[PDB]
Each structure stands twice: as C-alpha cells, then as structure tokens.
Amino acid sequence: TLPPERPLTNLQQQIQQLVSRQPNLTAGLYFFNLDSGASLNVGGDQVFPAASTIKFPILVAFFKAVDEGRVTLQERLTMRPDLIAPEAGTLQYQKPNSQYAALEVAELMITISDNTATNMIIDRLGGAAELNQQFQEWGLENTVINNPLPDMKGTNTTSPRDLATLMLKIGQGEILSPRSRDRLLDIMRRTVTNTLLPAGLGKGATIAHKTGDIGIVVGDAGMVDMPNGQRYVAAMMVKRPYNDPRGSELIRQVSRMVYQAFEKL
C-alpha cells in the first residue's frame, strides 16, 4: 500500500530558487518517497526532449513482449543497414546484417546506450506507433517516439513525472512479471554513465536508472534504495546550451539536496 503524496514545500521552494537563478538552463524534476509520501515537483509535468532516457520505457515494452511470448530472449535479431545508427554503441562497428540474441541487444541498449541496438528493439517490437500506444496504456502522457535514435534533434519526448511514475509502477511489481522485473532492474544497475543522479547519493545507496544526453538536453531517471531502508523514485531533465557543464552539475546538486533531506526525515 503506497502512502499519499505529501509535498515537502520548503525543499521544493529551495530547489525552485536554485534552478530559476541559472540563466539559459530550463529544468524539470520529480521525486517521490515510497515510505513517507514526500514529493518534489519543480516542472515535473513539463515535456522535454527525451534523449536516451526513452530507452527505459522501450526496455519495459521489450520485457512485456517476452512475458507475453511474443519475443524470446534467445531469438536472433538482424542489424540491418537501415537500423544502424551513429554516436553511442558498439554494434555499429560489426558487419551489416550480422545477428545478435534479443537479450544481448536489449542489454546493450541500456548499459552503454547503444543507438543501433535501440533501433533494432523499436523495430522488433512493431515500431514507434505501437510503442507509443503501449506508453499511453501505462499512463505515460507525454512519452512519444517520433524518430529513430540517436534523435540528436530532440524530437522524441517524455516528462520527468512519466519516467518516475513508470519506475514507481515497476518498483511496486506492476506491468512486468517477477522474473522480467528483476532482469530489468539488474540491467539498469549496470550502466556505465553514473555522473548525474548517482553522484549525489551517499555511501551504500544503490540506484537503478537510465541517463540521456543530446548536448542541448541532459537527464537521468530511476529508483534509489538508501541504507536506512527508504526507497524513492527520481527523475530530472535539463535544457542547456550545448554541453554546458552547469546542466549536469545542477542534476548532481539536486540529487544531493533530496538524498540529504530524506536522511534527516
């Protein structure tokens, strides 16, 4: 049974003052404590370019198909010329029309944010329209795939609240089977990009999450277990001038602020 949302007004005001004083940054964030109900929403409902954070919803859709016998973990996926994308990933250096186990592809999509792997999954699951429908079914309202990855131009959309609320659902054991849930959380704890939200956590805390960076937007979303027994979900997105370190630093500062507040409470 999940407590009622209970906004920490004072922490929320502090965070609001911190984001608003940064010229040329536009930030949105949502945190929810599963034990206390403590919430923070500073622009958490606003729509952002998703960047790679969209790979987290695609992962859930993947495992949904597995659960429903529509995809198998071991079946061979083809890296067709038309699925090959630049930027992050290792699959792009392999021979065109070589093949990979579906689970290997799904893992690469998340752990190293492989854009080729991602377009292979989007294709395997029936395309952008099909996935968009699924996202709406889960209550994601502004989570929308418009173009293939890496989508440098920022056309694919989501919201901090969408990303956190899906993770809350998964955390509480909704949508996916037990086995698929536990696989997804394992995968999400082995990403190589841990410089945003995890950088604000204290010693011994763990986090399942997924980052995104297209230069003009940086973000991160997932779920934190604190050594005191507490759990919360977290999502933050920042619009910035191209590669501005201040955008990434802001995410660390807000992560730190929230983590420390929950230790006190």
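When you see a residue number, it is the position in the sequence shown, counting from 1.
- Taking only CA atoms, the mean B-factor in the PDB entry is higher for 148-156 than for the other of 173-181 and 148-156.
- Checked against the record, the higher mean CA B factor of 182-190 and 138-146 lies with 138-146.
- Each of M237, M223, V47, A61 has a CA temperature factor in the record; the biggest one is found at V47.
- In the PDB entry, a CA B factor belonging to the middle third of its chain's modelled residues is recorded for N33.
- Per the deposited record, the Cα B-factor of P57 falls in the lowest third when ranked against the other modelled residues of its chain.
- Ranked by Cα temperature factor within the chain, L168 sits in the lowest third according to the deposited record.
- Among the modelled residues of its chain, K203 has a C-alpha B-factor that falls in the highest third according to the deposited record.
- In the PDB entry, a CA B factor belonging to the middle third of its chain's modelled residues is recorded for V71.
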